[PDB]
């Protein structure tokens, strides 16, 4: 099973969330730069950052080493984190948005018959792999993703084209900053954060991605900001 990749565009992501029946208390905005002046233009509070980055060979050796270190050495992951695996080529757009909403459920309002509300209620007790198989089979979100992939300032590529760009979500749960990437076997704990400092703390993780791949420009960050 193979979906179309989504454009890193707040207009597209906000339209997608509206189709999934989220009330617009929260809206995505662009992040223009990582210094205080440009970050001061992001409306506060912020409850998530989605980062688009390139899956290069250099990225993949770091991902391999990180996975091996955490499997053998351990890390803390709070039981409150909602995590799902990616089992569908090019669904990272949808999985990133579900990670952002599912880990802020208490701050979110849903409309009558919200498909995302139904997805979250049914998957509340599922393992990360079961959540991934459930999404494979969840037609209402598959057809909404399909429509959304045709929106934006660029044309959707052919479904056969290889995609080397990937979305991840950065959230605050229970005092800590989690990287949620369906391609990894677990959340990644990036240390302490709070509701008031999430944007700054998330952007510090994004900076580390860019420094590990210094010759790449193919990055985009969107912040989920109070409307």
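Residue numbers count along the first chain shown, from 1.
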Checklist entry - Looking at the deposited entry, does 24 to 32 or 154 to 162 carry the larger mean Cα B-factor? => result 154 to 162
Next on the checklist: Highest Cα temperature factor in the entry, among the options 137, 103, 115, 123: which one is it?
Outcome noted: 137
Next on the checklist: Looking at the C-alpha B-factor values in the deposited entry, which of 50, 173, 41, 188 comes out highest?
Outcome noted: 41
Item to check | Cα B factor band for residue 59 (lowest, middle or highest third within the chain) | outcome: middle
Checklist outcome for this item: For residue 92, the third of its chain by CA B-factor is the middle
Checklist entry - What third of its chain's C-alpha B-factors does residue 142 belong to: lowest, middle or highest? => result middle
Next on the checklist: Splitting the chain's C-alpha B-factors into thirds, which one does residue 226 fall into?
Outcome noted: highest
Item to check | Chain-relative CA temperature factor third for residue 17 | outcome: lowest
